[PDB]
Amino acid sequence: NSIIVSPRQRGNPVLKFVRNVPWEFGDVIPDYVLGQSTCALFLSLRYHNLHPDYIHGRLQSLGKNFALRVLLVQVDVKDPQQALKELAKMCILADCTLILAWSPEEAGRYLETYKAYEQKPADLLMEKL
């Protein structure tokens, strides 16, 4: 039921806006575990400028364990277009979904939205047999 949150996310104002599903910190590889094989990384564009090698290593340490991988980018920098195009390339090659959030609140809503769905819900009919 709960979103599991990496302690690396501690202090991220996004957490204030995860309000309609429980969340707790846990020892997890992604920034948010949103189900059995779904997870998200969070990246602020301001942070990305300051630490340009950060996200490539993060996406790479993540690998392919989770079926659905989501990079949630907070667009918080004037003139983000060049950064966004490079992150898009990175996501295409790493096969991850790129989502643009324009505020912490929007990012928190995206997290609750992905948590609403099981990527591989129960399949009862096979089970019954």
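Residue positions are given as counts along the sequence shown, with the first one as 1.
Problem - Higher-B stretch (mean Cα B-factor, as the entry records it), 63-71 or 31-39 - result: Higher of the two, by average CA B-factor, is 63-71.
Problem - Between the two ranges 3-11 and 118-126, the one averaging a larger CA B factor in the entry - result: Of 3-11 and 118-126, the stretch with the higher C-alpha B-factor average is 118-126.
Handout entry: Chain-wide C-alpha B factor ranking for residue 89, given as lowest, middle or highest third
Key = For residue 89, whose C-alpha B-factor we compare with every modelled residue in the chain, the answer is the lowest third.
Exercise for the section: Ordered by C-alpha B-factor within the chain, which third holds residue 58? Give me lowest, middle or highest, please. Expected result: For residue 58, whose C-alpha B-factor we compare with every modelled residue in the chain, the answer is the highest third.
Handout entry: Assigned third (lowest, middle, highest) for the C-alpha B factor of residue 96
Key = Highest third.
Handout entry: Lowest, middle or highest third - CA B-factor, residue 44
Key = Lowest third.
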